[PDB]
């Protein structure tokens, strides 16, 4: 709840506004980088899915010879289901990329509106920066008339030409005195505007980081959901292997590849006929 942005963005240069504003704009970078990360994760998931699909094809094309042969269909169906799980994660990640891209383009809208809203604080910054430089110029000019006043005074000059040098110091004093009052006015305006705007930026940054973590939340949800499905494919495979018993494998081999039930007949002595 603490105002970190208000407390930490002042300094002598009055550049805090600039930093904060461009930091808001850098929030666009993060959205592009996140989408790119999810795209690459989806690439890996699809590579895995396509290879698993190919692994199921090779499982169906194994030799039909032997008692174990029918078990490859249990390998086929499970590998097909596992491959489909990963492809569905790809689809879910791709839907997630779409809503990151959607957030990225509504950032551009809300950044444009913030720019138009902080226009008063932009003025407050450039006026205080201008007056601080103008005050320094009037400070140095005031001192330049002091040195020239005392240069002519200590060396020896007419009281008429000293008095007109004193008036040149008076106008140098008055304008410097006026800039001191102008600084205090611009300083009070800047501090009032910056405190409202530094908080404004922090609030924008909090809304940003909340929405981003919600996307990573949906990222974690899709991965967890598919992870649960993957675990169910493994368990289905386990008990399908349990159901495929040795008894049934021998049963099916004898019934299909058995030569004959009836044993060779008994032949006796035959008459000539």
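Positions refer to the first chain, counted from 1.
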- Query: Is the mean CA B factor in the deposited entry higher across 81-89 or across 169-177?
  - Reply: 169-177
- Query: Comparing 42-50 with 237-245, where is the mean C-alpha B-factor higher?
  - Reply: 237-245
- Name the residue from 99, 73, 203, 140 with the greatest C-alpha temperature factor listed in the entry. 140
- Task: Divide the modelled residues of the chain into thirds by Cα B-factor and specify which third, lowest, middle or highest, holds residue 94.
- Result: lowest
- Task: Within this chain's modelled residues, let me know which third the CA B factor of residue 253 belongs to: lowest, middle or highest.
- Result: highest
